[PDB]
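Chain and residue survey
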Amino acid sequence: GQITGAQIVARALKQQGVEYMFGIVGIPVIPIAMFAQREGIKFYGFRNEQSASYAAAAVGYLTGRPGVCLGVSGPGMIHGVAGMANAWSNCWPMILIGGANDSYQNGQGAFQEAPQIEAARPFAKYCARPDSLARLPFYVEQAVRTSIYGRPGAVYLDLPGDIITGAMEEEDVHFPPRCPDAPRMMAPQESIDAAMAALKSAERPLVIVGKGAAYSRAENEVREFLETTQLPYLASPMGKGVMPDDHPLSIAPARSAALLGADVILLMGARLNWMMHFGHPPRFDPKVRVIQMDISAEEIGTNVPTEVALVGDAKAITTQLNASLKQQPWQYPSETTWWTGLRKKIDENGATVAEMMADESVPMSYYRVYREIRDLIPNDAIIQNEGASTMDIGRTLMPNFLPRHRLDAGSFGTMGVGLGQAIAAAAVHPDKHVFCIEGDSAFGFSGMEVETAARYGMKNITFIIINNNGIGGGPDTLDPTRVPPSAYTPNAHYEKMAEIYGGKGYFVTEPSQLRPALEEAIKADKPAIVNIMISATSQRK
Amino acid sequence: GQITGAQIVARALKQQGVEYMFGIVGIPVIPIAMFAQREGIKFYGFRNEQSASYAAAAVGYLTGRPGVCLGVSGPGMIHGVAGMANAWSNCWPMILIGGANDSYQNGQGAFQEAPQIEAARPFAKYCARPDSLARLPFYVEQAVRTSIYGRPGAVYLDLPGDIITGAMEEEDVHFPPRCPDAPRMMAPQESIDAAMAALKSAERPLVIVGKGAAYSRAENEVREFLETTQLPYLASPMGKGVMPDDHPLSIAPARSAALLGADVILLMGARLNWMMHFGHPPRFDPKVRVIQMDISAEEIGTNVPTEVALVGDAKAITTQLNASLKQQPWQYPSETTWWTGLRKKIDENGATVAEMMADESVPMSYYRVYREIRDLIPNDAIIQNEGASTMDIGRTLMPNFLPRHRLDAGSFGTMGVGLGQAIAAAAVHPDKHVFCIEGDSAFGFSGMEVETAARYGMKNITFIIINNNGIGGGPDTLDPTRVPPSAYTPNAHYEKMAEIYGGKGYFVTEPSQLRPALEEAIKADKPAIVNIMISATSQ
Amino acid sequence: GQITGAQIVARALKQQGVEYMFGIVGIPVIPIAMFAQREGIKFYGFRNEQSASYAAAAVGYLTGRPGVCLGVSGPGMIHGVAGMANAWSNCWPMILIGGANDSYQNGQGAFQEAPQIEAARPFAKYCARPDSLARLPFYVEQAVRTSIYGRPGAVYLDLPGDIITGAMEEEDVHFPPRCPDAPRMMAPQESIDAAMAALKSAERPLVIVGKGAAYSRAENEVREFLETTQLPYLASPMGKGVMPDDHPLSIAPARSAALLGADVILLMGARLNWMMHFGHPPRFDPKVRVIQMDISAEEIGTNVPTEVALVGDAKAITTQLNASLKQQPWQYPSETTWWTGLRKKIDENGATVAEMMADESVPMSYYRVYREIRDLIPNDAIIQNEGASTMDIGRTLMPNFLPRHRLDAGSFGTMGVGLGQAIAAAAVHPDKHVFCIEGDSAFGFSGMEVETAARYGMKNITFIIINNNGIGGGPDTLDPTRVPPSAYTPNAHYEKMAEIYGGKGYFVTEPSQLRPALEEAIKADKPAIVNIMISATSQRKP
Ligand SMILES: Nc1ncnc2c1ncn2[C@@H]1O[C@H](COP(=O)(O)OP(=O)(O)O)[C@@H](O)[C@H]1O
Ligand SMILES: Nc1ncnc2c1ncn2[C@@H]1O[C@H](COP(=O)(O)OP(=O)(O)O)[C@@H](O)[C@H]1O
Ligand SMILES: Nc1ncnc2c1ncn2[C@@H]1O[C@H](COP(=O)(O)OP(=O)(O)O)[C@@H](O)[C@H]1O
Ligand SMILES: Cc1ncc(C[n+]2csc(CCOP(=O)(O)OP(=O)(O)O)c2C)c(N)n1
Ligand SMILES: Cc1ncc(C[n+]2csc(CCOP(=O)(O)OP(=O)(O)O)c2C)c(N)n1
Ligand SMILES: Cc1ncc(C[n+]2csc(CCOP(=O)(O)OP(=O)(O)O)c2C)c(N)n1
Ligand SMILES: [Mg+2]
Ligand SMILES: [Mg+2]
Ligand SMILES: [Mg+2]
């Protein structure tokens, strides 16, 4: 009856709701990975901790419980800090478990001795180095609860080697119960009535449904709220799917005109950050009334004054708004100058998009490639879209129908999360298909992770590379003594990386090769790579 | 006419609700204090930034909007981080405005150049170095709003000298409006009913009223709650006053008894920290069920599992409880085996208290001295108690009837907040009398600030020193080569410091002098000091 | 036999050369202060850890081994970060020992649980929380060694409660030997001959003697080099005493003219920071050639380029400059246009200084008061001068004849170091007298420490308060509502604080009261206070 620290941590994580663990083993975190599998936690051995830390953050967004990134002492943990910042920026729960040198070797210049707690502090809600084996379950339970309660964030546990490998009696350790699900605070009664009056007194109302509404699991109530009020709504890049992107109330093609003309905006789990242009002119009405629904009280009132503050959980507050529509029913009129003005902009944009999508010139364009892509993604798949032009075009091109089904660079604009987040999507959804659509540069960050996807049999992932030979484009030839900083090797056969694990690679340059190569890639028994070449001068609209 | 960065900061502070500023002037924050008085902010020049930063955190607890501590670059700002940590520990809104060297001198070894941002960060919710003059009102509103929203805390603004001395067109500076009061969060209706179920099913219930409820300013709602349900309640040291200490529902004389045998406990703005012994045995039921009411979601479930999590503002949640109680009337029975057990200990403990306050022996004891102080403090006064035994015995002997009328060491257990919090209490309540009962050791931390109190005419403050010649006691004689590390000068006449500003000092050794000296000091036109000698053996 | 962690760290501190400890006791650092006295370390209980941490940094400058500031967990340690920063700014060795809650209570909201390592690190060369009891001497030896080797600085030791109270058999504890003194590296012969060739070519040379040369204890070698070369030298505020302030080679009364007209400058343990105007115009020649002698290689070349870099110990490199002169003797001539120019400004500034001292009017001025103070201070006493004008006017008027005999605000310009530094001076030098000349504003930062000085029988300290009723002056009548932010109580009786411990206070307001009150305060058997009133509108020599 002797239990080790790695055993205690592994069982504690499984008890507190951890199911997926990513990272790379080594001194001294080897036992933690072995016991994680022996306790019911799937461990995925990545090729670089940077990509593994991004996968851990994506699990916190998809499942509601934090994903664990395991890194060795010193540099292994430091690589994982990149993911901590991403979870810090996107408000996602995630745990970074970093090994450390033997505590009795501190100050001696031990192997991989580093100020790991201080390196994780700027992006962590919680840092801790446990003091004893018997109190390890206290730190794990506190680490999980801190990551999901309130505004979700990243936490870090510093595990010295002697605690990982030390042993003690099992009857003496105490395992706390699985901490309850994150409490859902509600808005005050008087504020819900004030939020309705502002919406009922709006000439040009607008609803913004963002990442916070998707993470809050509030898809049912938002669809009930919008369909009952018939309000025009705008989805964030990762709010797509909370409300179906083919819904009539969506004004996404007229995004710029809606934000510029709106006088009362309802924020549903979204922030007025760089993505929303800080809510300031010339993109917004300088006197726009703002109703903000957010779980963080400090976020309320950022950049733009907030007239009605709905501090609390997006799912708990939206039920109050739905409860307001029962003792006081109200619908927004279906024919106003605001509706007809917007609906003209959508039909104009959609005509321009289709006119650009139907162009078949070679070298191909984004819209031409995204036509064959869009018509082959099933309505229940998971889109992973990383890149610059590729990601932005696909945002408006590829629709989503279920919540939390699109993953991109997020609020931090991080390159390198792509293949990492795609593996996390296949670990959470092993029966659904994941489309990891990448640019040539973004794929180069975590490109070696294609072998990881195949080693765990994640054939539900199809890697699609939109290549234009550089960051925003590159030439057809390169002078080795005069390479542009953004240029890459022209016509780089990235798809030949599929031969590492015996998979299929496709090199597409003409619209005829597009659909057949894509069709056979999805049917493959191993993760296939489709490398599509486009024009370097191809741009947006 | 043009406006300077110092004048921009002062007006923006006043607009966002700042009314009190403490600190010491100097390079380069001198113009800030000048426009502070000019824009209507009461500035108080302290003797040390350490005591000033504690007065700032006290104003945040008393008013609901953060007091400001103004410190010079380098050493001045670093001294103010103490109060930042105190507000960080007590969840109080507080602002430290530390000057900096001119930005065009960074890296040159400028005057008082220091990593001030990194020094404040471990205790700050928000550190910011404003980038330009036009955006100064943006950072000021963001600092105040971040200090009072959510769980209150301390923030820090790094103001370089050139930002302070620079000027620009006044009409080109945009001042955001006064940010609204801290938004109230409410608990789900199912959580209210589950808390009522646990309280109704409780064999031995207990309500712990903490200072989080006092800061929430829910005294009117907590009294409607407890008076309706007749639940026995225990108030934290700074939770006193939310309910009058003479209320029959109080079980404070038997604190160690109720915490030991309470099957269901209701935490009303109270934290299960070291004060509550972590909610663990031997002082707690190993299976105690907790109904936790706190605004910080991360705090819920700490140390002890929380069955009913009432996350949100204490005033809004208590209002839900009262609304539920008047639609579903329930009262804890007045005759219970639980009521008859605590009441016996309350009567038994109260008997030993009376037999200790009747002690007339010289040197005196804590209980004899506090008996006369208790008889002379009105019901509307404010008590500031600091020390160890002096403060703990004063917690159980001083009665508080209005909320937020007692200021002690706080959740940090800080020695040095005494005179700072007393000065803050006198500036917020110039109409009430402020009692500052200090230990001789605690008085050494900030006793120089009696001049600050006298300089601003704060004759409503009475400094009472309870002197046992050291930290928990001191010997009668001292040899300089054999001074105990906890001993001070025997019979140190601290009251002589009242003669610095021409005040009255009093030296009491026998109970015959207690009442006359205390009554004479309250009537003094200048802040008087009463130095009371007590026995080093009394416990 | 079993030994506790408190006794392990107390013995290890004494073994590593720690002699003085300042702080305030309380949970959980009580056994440390008790066991320190049992092991030979002298503990001084202050009234505030802030003043104690300033006293601990002063011990490092006076002795070369770090003084220790002892603080309780949480707020006790945070108060002691001020001294860490002051030692960090002045490059002095200093150790802050802060308590911490029991390790088995982390994350529980324990009593005074705080992120103390992070609070100290911005000013720390070394932060460490010892992992076990048997390795406590390892962390003590490394902390001392780090604080004194290379560029000296402040270190921090984080001691949890159960590390202090735990015990184990004394045999298993390895006590490392007393770490050797700081090594004294030196410059190449090429750099030595180049620096000597630079001085030999200077039309208008100037030598700057900073407290880095004082800390290095190179007073004999500096006096041997300067008296051989006859080079005009300027002494920084705490660089005074390395050379006798009454030296014909001193051009301090003409500091502005010397720094401007100089074309070659030798930096002896002094930085080109705010105190030296960054070596920039209009106070310096734009084409000034600089020879910099500094222990820190990273400091070489700051603001102004360094033609000749002499990286190493000031005492070791000055020895090389003397060996080079013993083989190639060279003297700067004493009748140059550079000399006669500086002396013309010196004689005229000295006349204006002598005139302001002759003023007998009431209220008195800084010069009349210092005229009497200067004449009652022995040539081997220690000067603690803190304030604004009080500190700056005193530096020109208070001559120091021995190195490391003046303590002021330092490179950080700190208010609150005064009384703490005076107590540390008296503890190091109980034979010499300590004069603590303070401004009325500066005195209030740590005024309660007068009782600490009396409690330990420090009769060799005399507290002198130059009172102008505010920060740089103040009115003579105060309305309690309309209070200037820089003014204090008019005619405050700070001398009454001496009566706390039975001492004697003196309230001086006339010139005929200075000498009788000052002469009797020095001879008191308890530390006395002399509160001297001056004019609020009193300035310095323009
Ligand atoms: N369960 C929840 N209920 C309400 N708000 C939440 C919840 N979880 C996160 N949020 C808030 O949602 C916000 C995230 O918005 P953001 O991701 O920037 O919008 P976008 O979708 O445009 O990226 C955060 O400020 C966070 O506080
Ligand atoms: N407006 C508020 N409503 C509810 N809880 C609050 C509010 N403001 C602060 N709190 C909480 O009250 C708690 C105060 O507990 P503590 O400082 O330990 O006081 P005490 O122990 O004296 O009750 C903090 O944890 C804080 O999160
Ligand atoms: N033993 C030593 N030998 C040489 N230089 C030293 C030694 N100790 C410290 N120093 C240097 O002295 C410098 C201190 O300069 P500073 O305090 O600015 O002098 P001052 O204030 O007297 O002008 C530091 O840069 C430090 O590197
Ligand atoms: C970690 C990180 N590194 C770098 C960047 C900057 N960045 C943004 S997009 C991009 C390259 C885009 O690659 P790709 O998809 O090939 O470009 P596109 O063809 O879509 O323009 C880079 C380097 C970033 N946002 N994050
Ligand atoms: C900043 C700080 N320094 C030191 C302490 C340790 N401490 C706790 S209570 C106390 C003073 C106790 O003495 P006193 O105030 O005279 O009261 P007594 O208990 O003797 O009546 C001290 C120094 C602390 N809590 N905070
Ligand atoms: C910690 C700290 N707080 C504040 C200052 C600003 N400051 C510089 S000098 C000084 C005091 C000036 O008054 P005083 O000591 O009476 O000197 P005087 O003008 O009489 O010479 C102050 C507060 C500082 N340098 N350090
Ligand atoms: Mg590209
Ligand atoms: Mg005492
Ligand atoms: Mg003055």
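Residues numbered from 1 in each chain as written, not as in the entry; some residues may be left out. Chains lettered and ligands numbered in written order. Part of a larger assembly, values for the part shown. Heavy atoms only, no water.

1. Structural notes on the overall build of chain A
From N to C terminus, chain A includes 19 helices and 19 strands. Taken over C-alpha atoms, the radius of gyration comes to 24 Å for chain A, in line with the 24 Å a tight globule of 541 residues would show. The C-alpha extent of chain A, read off along each of the three principal axes, is 75 × 65 × 40 Å. Relative to its full complement of 541 residues, chain A shows a buried share of 62%. Sequence-distant contacts, at least 24 apart, represent 75% of the contacts inside chain A between residues at least 6 apart. Accessible surface computed for chain A: about 19,900 Å², of which carbon and sulfur atoms make up 54%. Averaging the positions of the 47 positive and the 56 negative side-chain charges in chain A gives two centres separated by 3 Å. (Helix = DSSP H or I, 4+ residues; strand = E, 2+ residues; numbered from the N terminus. Rg over C-alpha atoms; globule rule 2.2 N^0.38 Å. Buried < 20%, exposed > 50% of the residue type's maximum accessible area, 1.4 Å probe, protein only. Contact = heavy atoms within 4.5 Å. Areas by Shrake-Rupley, 256 points an atom, 1.4 Å probe, with all protein chains shown as cover. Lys, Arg positive; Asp, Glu negative; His and termini not counted. Charge placed at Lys NZ, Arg CZ, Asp CG, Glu CD.)

2. Here's the deal with the site of ligand 2
Residue and element names in this part refer to chain B. In the region of ligand 2, 21 residues are neighbours, and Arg151, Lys211, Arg271, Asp294 and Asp313 sit closest. At a separation of 3.2 Å, an oxygen atom of ligand 2 approaches a polar backbone atom of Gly269. At 2.5 Å from an oxygen atom of ligand 2 is found a side-chain nitrogen or oxygen belonging to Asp294. At three residues, helix α9 (residues 211-215) tops the list of elements feeding residues into the shell around ligand 2. (Near = heavy atom within 4 Å. Polar contact = N/O pair within 3.5 Å; in protein donor to acceptor, adjacent residues only side chain to side chain.)

3. Considerations on the packing of helix α1 (residues 5-15) of chain A against helix α6 (residues 136-148) of chain A
Residues and elements named next belong to chain A. The N-to-C vectors of α1 and α6 enclose an angle of 35°; their axes lie 9 Å apart at closest approach. For α1 against α6, the interelement crossing comes out right-handed. In contact with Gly5, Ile8, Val9, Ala12 and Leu13 of α1, α6 contributes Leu136, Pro137 and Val140. When grouped by side-chain class, the residues that make up the contact of α1 with α6 number seven nonpolar, one polar and no charged. (Axes fitted to C-alpha atoms, helices over the stretch in contact; angles between N-to-C directions. Left-handed = near helix turned anticlockwise from the far one by under 90°. Nonpolar A, V, L, I, M, F, W, Y, C, P; charged D, E, K, R; others polar.)

4. Considering the coordination of the magnesium ion (ligand 8)
All names here are of chain B. Looking at the magnesium ion (ligand 8), one finds its protein donor set to be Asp440 (OD), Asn468 (OD1) and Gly470 (O), positioned 1.9 to 2.4 Å from the metal centre. Read in sequence order, the donor residues for the magnesium ion (ligand 8) give the motif D-x27-N-x1-G. On the criterion of sequence distance, the pair formed by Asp440 in helix α17 (residues 440-446) and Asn468 in the loop between β17 (461-467) and β18 (505-508) is long-range, its members being 28 residues apart. As far as the burial class goes, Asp440 and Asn468 line up, both buried. (Donors = N, O, S within 2.8 Å, 3.2 Å for Na, K, Ca; no water.)

5. A look at unusual backbone geometry
For the bond from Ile27 of chain A to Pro28 of chain A, the omega torsion is 0°, close enough to zero to count as cis. Following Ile27 of chain B, the chain continues to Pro28 of chain B via a peptide bond in cis, the omega torsion being -5°. Relative to the helices and strands, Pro28 of chain B is located in the loop between β2 (20-23) and α2 (30-38). For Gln230 of chain A, which is not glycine, the phi torsion reads 55° and is therefore positive. Considering the arrangement of structural elements, one finds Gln230 of chain A in the loop between α10 (219-229) and β10 (233-235). Exposure remark for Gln230 of chain A: the relative accessible area of 28% places this residue in the partly exposed category. The residue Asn303 of chain B is not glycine, and still its phi comes out positive at about 65°. Here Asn303 of chain B is to be found in the loop between β12 (289-294) and β13 (306-311).

6. Thoughts on the interface of chain B and chain A
Taken together, the contact between chain B and chain A spans 23 residues of the former and 24 residues of the latter. Summing both partners gives a buried area of about 1,800 Å² for chain B against chain A, and 63% of it is carried by carbon and sulfur. Applying the counting criterion to the chain B and chain A interface returns two salt bridges. At the surface where chain B touches chain A, the tally comes to nine residue pairs in polar contact. Residues that form the side of chain B that touches chain A fall into these classes: eleven nonpolar, six polar and six charged. (Buried area = accessible area lost by both parts, 1.4 Å probe. Salt bridge = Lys/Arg side-chain N within 4 Å of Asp/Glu carboxyl O.)

7. A look at the pattern of salt bridges
All names here are of chain B. Per the stated rule, a full pass over the model turns up 78 salt bridges over all chains. Note that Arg129 and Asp158 form a salt bridge whose closest N and O atoms lie 3.1 Å from each other. Of this pair, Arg129 sits in the loop between β6 (124-128) and α6 (136-148) while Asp158 sits in strand β7 (residues 154-160), and the two are 29 residues apart along the sequence. Across the salt bridge formed by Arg135 and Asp131, the nearest N and O atoms sit 3.3 Å from each other. Taking the relative accessible area as the measure of exposure, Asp131 reaches 48% and is therefore partly exposed. In the salt-bridge network here, residues are joined through shared partners; they are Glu360, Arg368, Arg371, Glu372, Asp375, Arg515 and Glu519.

8. So, α1 of chain A
Residues and elements named next belong to chain A. With eight of eleven residues buried, α1 is to be regarded as a mostly interior element. For α1, the set of buried residues is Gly5, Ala6, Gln7, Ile8, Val9, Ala10, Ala12 and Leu13. With its phi angle positive at about 100°, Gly17 sits one or two positions after the end of α1.

9. What to know about the nonpolar core
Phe22, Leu226 and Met497 of chain B together with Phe22, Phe225, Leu226 and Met497 of chain C are the most contacted members of the largest nonpolar core, which has 239 residues in total. Contacts of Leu226 of chain C, omitting those with residues within four sequence positions, involve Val207, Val209, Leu231, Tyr233, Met243 and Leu249 of chain C. Core analysis: the second largest hydrophobic core is formed by 194 residues, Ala52, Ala124, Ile163 and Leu342 of chain A among them. (Core = buried A, V, L, I, M, F, W, Y, C linked by side-chain atoms within 4.5 Å.)

10. What to know about the site of ligand 3
Residues and elements named next belong to chain C. Neighbouring ligand 3 are 20 residues, the closest being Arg151, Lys211, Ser236, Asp294 and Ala314. Here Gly269 contributes a backbone N or O atom positioned 3.5 Å from an oxygen atom of ligand 3. Here an oxygen atom of ligand 3 sits 3.4 Å away from a polar atom, N or O, in the side chain of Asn273. Protein chains shield 97% of the accessible area of ligand 3, which is 580 Å² for the free molecule. Here the shell around ligand 3 gets three residues from one element, more than from any other, and that element is helix α10 (residues 211-215).

11. A few points about the coordination of the magnesium ion (ligand 7)
Residues and elements named next belong to chain A. Coordination of the magnesium ion (ligand 7) by the protein is provided by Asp440 (OD), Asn468 (OD1) and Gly470 (O), with metal-donor distances spanning 2.3 to 2.4 Å. Around the magnesium ion (ligand 7), the six donor atoms are arranged such that angles at the metal cover 63 to 148°; this shape is classified as irregular. On the primary sequence, the residues serving as donors to the magnesium ion (ligand 7) are separated as D-x27-N-x1-G. In this pair, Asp440 is assigned in helix α17 (residues 440-445) and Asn468 in the loop between β17 (461-467) and β18 (505-508), connecting sequence segments 28 residues apart. Note on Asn468: relative accessible area 2%, which makes it buried. (Tetrahedral: all angles 85-135°; square planar, octahedral: opposite > 155°, others 65-115°.)

12. Focus: the sheet that holds strand β10 (residues 233-235) of chain C
Remark on secondary structure: sheet strands pair via backbone hydrogen bonds, oriented parallel or antiparallel. Residues and elements named next belong to chain C. Spatially, β10-β9-β11-β12-β13 is the arrangement adopted by the five strands of the open sheet, whose pairing is parallel. Among the strands making up the open sheet, the edge pair consists of β10 and β13 (308-311). Adjacent strand axes in the sheet meet at a mean angle of 15°, parallel and antiparallel pairs treated alike. On top of the sheet, helix α9 (residues 189-200) reaches β11 (264-268), β12 (289-294) and β13; it is set at about 130° to β13, its chief contact. Of the strands in this sheet, β11, β12 and β13 touch helix α13 (residues 314-327), which is tilted by about 125° from β12. (Pairing = 2+ DSSP bridges.)

13. Section: the packing of helix α3 (residues 49-63) of chain C against helix α5 (residues 81-90) of chain C
Working note: a packed helix pair is described by the angle between its axes plus the distance between those axes. All names here are of chain C. Axis separation between α3 and α5 bottoms out at 7 Å; the angle between their running directions is 30°. As summarised for this structure, α3 and α5 are arranged roughly parallel, according to the angle between their axes. As for how α3 packs across α5, the hand of that crossing is right-handed. Here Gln50, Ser53, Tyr54 and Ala57 of α3 come into contact with α5, specifically with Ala82, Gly83, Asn86 and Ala87. (Parallel < 35°, antiparallel > 145°, perpendicular 65-115°, else oblique.)

14. Focus: the sheet that holds strand β16 (residues 434-439) of chain B
Residue and element names in this part refer to chain B. The strand order across the open sheet built from six strands is β15-β14-β16-β17-β19-β18, with neighbouring strands paired in parallel fashion. One side of each edge strand has no neighbouring strand; the edge strands of this open sheet are β15 (406-407) and β18. In terms of strand pairing, strand β14 (residues 382-386) meets β15 through two bridges, oriented parallel. Its bridge partner lying in β15, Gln384 is registered against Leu407.

15. Quick notes on helix α14 (residues 337-357) of chain C
End to end, α14 of chain C covers 31 Å across 21 residues, agreeing with the expected 30 Å (1.5 Å per residue, within 8%). On the buried face of α14 of chain C, the contacting elements are β9 (205-209), α12 (255-261), α15 (366-375) and α16 (389-397) of chain C. (Expected span 1.5 Å × (residues − 1).)

16. Considering the pairing of strand β3 (residues 42-45) of chain B
For a regular strand, side chains alternate in direction, first toward one face of the sheet and then toward the other. Residue and element names in this part refer to chain B. Two strands pair when backbone bridges link them, and β2 and β3 are joined in this way by four bridges, in the parallel orientation. By the bridge assignment for β3, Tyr20 is matched with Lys42. The parallel pair β2 and β3 is bridged by α2, and the resulting crossover is right-handed. (Right-handed = clockwise from strand over helix to strand, strands pointing away.)

17. Description of the side chain of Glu449 of chain C
Residue and element names in this part refer to chain C. As for its placement among the helices and strands, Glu449 is situated in helix α19 (residues 449-455). In this structure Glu449 is buried but unpaired, with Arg455 as the nearest side chain of opposite charge at 5.9 Å. Among the polar contacts listed, one links the side chain of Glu449 to the backbone nitrogen of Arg47, at a separation of 3.1 Å. Each residue touching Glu449, except ones within four places of it in the same chain, is listed here: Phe46, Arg47, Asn48, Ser51, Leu419 and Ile423.

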